[PDB]
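Peer 1: Here it is, the structure in full.
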Amino acid sequence: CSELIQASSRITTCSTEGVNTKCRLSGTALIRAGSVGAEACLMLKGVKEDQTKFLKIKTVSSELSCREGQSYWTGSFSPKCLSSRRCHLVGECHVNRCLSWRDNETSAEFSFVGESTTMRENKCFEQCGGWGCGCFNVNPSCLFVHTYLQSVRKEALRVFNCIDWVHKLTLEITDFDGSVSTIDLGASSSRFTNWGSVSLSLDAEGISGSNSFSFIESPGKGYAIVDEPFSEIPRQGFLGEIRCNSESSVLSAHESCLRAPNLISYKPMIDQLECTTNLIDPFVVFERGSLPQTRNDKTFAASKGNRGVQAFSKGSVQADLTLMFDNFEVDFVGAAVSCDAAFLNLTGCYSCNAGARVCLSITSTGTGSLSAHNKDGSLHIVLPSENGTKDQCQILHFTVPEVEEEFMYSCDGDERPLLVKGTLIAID
C-alpha cells in the first residue's frame, strides 16, 4: 500500500448483531492514485480495534497515447553546382547583371539542362578580370552558377508533434471481500463497481513540456523523440531545414519542397567551384532516438500493433480517484466466545400482553449473543453477552402460574443447563 487513507467516520455507519458487525459504506472518498505498479489502499475501521478491511487499488500502467498535430517530411540531400565563367561584357556578364542576380532565373550558360522540377537556385560571383584571368577586360568577370539539390537516400522520414495526449489508466481493483477486477479509466470516464462507482476527480497526467518535445517517424521502422519541439518553419541547422509535403516529394527533391535560405555555401575559385551543405542528417537523428527512451519519468514506447506513439509513467501519478460508495456492506469481526450465565429472576404475569421479564447474569470475554431453548422447544431466548458481567433482560410468555423451566444456553454453540423458575401472576 503505497498510499493509505483511512475510511472516514462520516461516510461510515455500522451496527452490531453480537459476535460480528457489518458496516455500510455510504459516501465519497478522494485518494491520490498509487504510483506505477503500487497500490492505493482504503482502510475500513470498525467498532473494535482488531476489525479492519482493505480496498486495494493497484496501478497497472498510465498510458498517454498521442494525437498528432503539425507534420512535415524530410530526407538526406546533396548539393551539386554547375559553373561557367565569362569575361566582362561577354554574354550575360555585363555592367551590373552579375551582382544583381536573381536566384530563380537560369543563366544562358546553362540553356542545355532542359526542364527541371527539382529544387534549384542560381548564383553569379564576380571573379578577377585582366589577362591574369584569361579576360580581355580588366573589369570583373562573371562566374555564373546553377545549383540544385538531389536526394541522397531512396527513403524519407515523417516528422510531427502531438496536439493532444489521451490518457488511459489501467487499474486492478481488489475489493474488501478479495474479489479482483480490472478496468480502464479516461479523464471523463466513470466506471461502476461492486460497491458503487469510480472516476477521476482530477487528471493532471500528461506530457509536461510537450511544447519542448517533437517526434520523428520512419515508415515501417519506428519513431524517435527529438530534444526539441516542432519547427513549424524551416530553420537552418535544424531537422527539417528542408521539408516537403509527401514521401515522393522528398525522394524526388521536387521544387515544391520548402527549404531555408542560404543552405548551400559556395567557394568560387576563378573557374573552379565547390558547393557544399552542412545539413542535419535526419537518419542520424532517428537512430539517436530509436524508440525506447526515457525523458522525465515517461518511457516512450511504440503502440503494439497499429502503430502510433504512447508514453508510460514510471513513478508517481498526478490524478485523484473518486470512490463513490452506494451503501455497500462489509463484514467481519471476531469469533464467538464461551459464556457463563446464571438465572437471576422471573418477574411478571401469565398469558398477558405484557408477559414476563426474565433476567440472567451473563459473563464473557467479548461482546456476544446468548441462545437458550427450553426442553419443549416452544420458547427461546436471545440476550447480548459482553466483555465482563452484565444483567440482561427480555420478554418471555408463559401460561402456567407455577413455572419451573430448564433451558440450555450457549454463546459458543455448546448448550448448558439453566433453570428458570417463578410464580406468575394474573391480570384481570
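Numbering (PDB author numbering), first residue to last: 691 to 1118.
By construction, the Cβ of each residue, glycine as well, lies at the ideal position given by its N, Cα and C atoms.
(1) Can you round the beta-carbon distance between residue 763 and residue 937 to whole angstroms, since I take them to be within the 8 Å contact cut?
(2) Under the assumption that residue 1101 contacts residue 1028 (Cβ atoms under 8 Å), give the Cβ distance between them as a whole number of angstroms.
(3) Could I get the ranges of all uninterrupted alpha helix (DSSP H) runs contained in the stretch 1045-1079, with 4 residues as the minimum, in chain order?
(4) Using a Cβ-Cβ cutoff of less than 6 Å, which residues in the same chain neighbour residue 1011 once the five nearest sequence positions on both sides are dropped?
(5) Can you find at least 3 beta carbon pairs, one from the stretch 752-762 and one from the stretch 951-970, that sit closer than 8 Å?
(6) Pick helix, strand or coil for residue 1007, following the three-state DSSP scheme.
(7) Just verifying my parser: in three-state terms, what is the DSSP assignment at residue 799?
(8) Measure how close the beta-carbons of residue 737 and residue 706 come, nearest whole angstrom, since I'm counting them as under 8 Å.
(9) In the DSSP assignment, find the beta strand (DSSP E) that holds residue 1092 and state where it starts and stops.
(10) Output needed for residue 776: all residues of its chain with C-beta closer than 6 Å, excluding positions within five of it in sequence on either side, in chain order.
(11) Can you pull the DSSP bridge partners for residue 760?
(12) Pick from 959, 923, 941, 958: whose alpha carbon is nearest that of residue 949?
(13) Could you tell me the distance, in whole angstroms, from the CA atom of residue 1038 to the CA atom of residue 1092?
(14) In chain order, what residues of the same chain have a beta carbon less than 7 Å from the beta carbon of residue 1042, not counting five sequence neighbours either side?
(15) Apart from the five residues on each side of it in sequence, which residues of its chain come closer than 8 Å, Cβ to Cβ, to residue 795?
(16) Whole angstroms are fine: how far does the CA of residue 788 sit from the CA of residue 849?
(17) Is residue 822 helix, strand or coil by DSSP?
(18) What separation, rounded to the nearest whole angstrom, lies between the Cα atoms of residue 702 and residue 715?
(19) Could you say which of 1082, 742, 895, 731 lies nearest to residue 1007 if we only look at CA atoms?
(20) Would you mind working out which of 743, 719, 747 sits nearest residue 726, comparing C-alpha positions?
(21) Rank 981, 1001, 974, 940 by C-alpha distance to the C-alpha of residue 987 and give the top, closest one.
(22) Which of helix, strand or coil does DSSP assign to residue 973?
(23) Contact between the stretch 812-824 and the stretch 871-887 is defined here as three or more beta-carbon pairs at a separation below 8 Å; is this criterion met?
(24) Figure out for me which residue from 869, 803, 719, 816 has the closest Cα to the Cα of residue 960.
(25) Once the 5 residues before and after residue 913 are set aside, which same chain residues still bring their CB inside 7 Å of it?
(26) The beta strand (DSSP E) with residue 941 in it runs from where to where?
(27) If you drop the 5 nearest sequence neighbours on each side, which residues of the same chain put their C-beta closer than 6 Å to that of residue 859?
(28) Is it the case that the Cβ atoms of residue 1096 and residue 1114 are separated by a distance below 8 Å?
(29) Using a Cβ-Cβ cut-off of 8 Å (strictly less than) and excluding sequence neighbours within five positions of residue 926, which residues of its own chain qualify?
(30) Is it buried or exposed, residue 857, if we count other Cβ atoms within 10 angstroms and call 16 or more buried?
(31) Could you name each continuous beta strand (DSSP E) segment of 3 residues or more that falls completely within the stretch 842-911, going from the start of the chain to the end?
(32) Could you name the residues of the same chain whose beta carbon sits closer than 6 Å to that of residue 719, not counting the 5 residues immediately before and after it, in chain order?
(33) Out of curiosity, what's the CA-to-CA distance linking residue 847 and residue 934?
(34) Considering only their Cβ atoms, is the gap separating residue 884 from residue 869 smaller than 8 Å?
(35) Which word fits residue 974, buried or exposed, when buried means at least 16 other C-beta atoms lie within 10 angstroms of its C-beta?
(36) In whole angstroms, give me the CA-to-CA distance for residue 834 and residue 814.
Peer 2: On the basis of the coordinates in this document:
(1) The Cβ separation is near 6 Å, so the contact holds.
(2) Correct: roughly 6 Å between the Cβ atoms.
(3) Correct list: empty.
(4) Only 721, 723 meet the Cβ criterion.
(5) Taking 8 Å as the limit for Cβ pairs, the verdict is that the stretch 951-970 does not touch the stretch 752-762.
(6) Coil.
(7) Helix.
(8) Right, the Cβ-Cβ distance comes to about 7 Å (below 8 Å), so this counts as a contact.
(9) Its beta strand (DSSP E) spans residues 1092-1100.
(10) Contacts found: 783, 832.
(11) Residue 760 pairs with nothing; no bridge assigned.
(12) Considering only 959, 923, 941, 958, the residue with the shortest C-alpha distance to residue 949 is 923.
(13) Looking at the two C-alpha atoms, the distance is approximately 12 Å.
(14) So the qualifying residues of the chain are 1117.
(15) Closer than 8 Å at Cβ, skipping near neighbours: 812.
(16) Here the alpha carbons of residue 788 and residue 849 stand approximately 39 Å from one another.
(17) In the structure shown, residue 822 sits in a helix (DSSP, three-state: H, G or I).
(18) Approximately 5 Å between the Cα atoms of the pair.
(19) Of the listed residues, the one whose Cα sits closest to residue 1007 is 895.
(20) The candidate whose alpha carbon is nearest that of residue 726 is 747.
(21) Looking at the Cα atoms, 1001 is the closest of the given residues.
(22) Residue 973 falls in the helix class under three-state DSSP.
(23) Short answer: they don't touch.
(24) Distances from the CA of residue 960 to each of 869, 803, 719, 816 were compared; the closest alpha carbon is that of 816.
(25) Within the same chain, residue 913 has close Cβ partners 905, 906, 907, 981, 992, 999.
(26) Element bounds for residue 941: not the beta strand (DSSP E) but the alpha helix (DSSP H), 937-942.
(27) Once the five neighbours on either side are set aside, the close Cβ partners of residue 859 are 752, 875.
(28) Cβ distance not < 8 Å, so residue 1096 and residue 1114 don't count as in contact.
(29) Apart from the 5 residues on each side of it in sequence, residue 926 sits with its Cβ closer than 8 Å to the Cβ of 950, 951, 952, 953 in its chain, given in chain order.
(30) Buried, because 16 or more other Cβ atoms sit within 10 Å of the Cβ of residue 857.
(31) Entirely contained in the stretch 842-911, the beta strand (DSSP E) runs reaching 3 residues are, in chain order, 847-864, 870-875, 880-882, 886-893, 904-908.
(32) So the qualifying residues of the chain are 1013.
(33) If you draw a straight line from the Cα of residue 847 to the Cα of residue 934, it is about 10 Å long.
(34) Result yes, Cβ atoms of residue 869 and residue 884 sit closer than 8 Å.
(35) Classification of residue 974: exposed, given that the 10 Å Cβ count is below 16.
(36) Cα-Cα distance, rounded: 4 Å.
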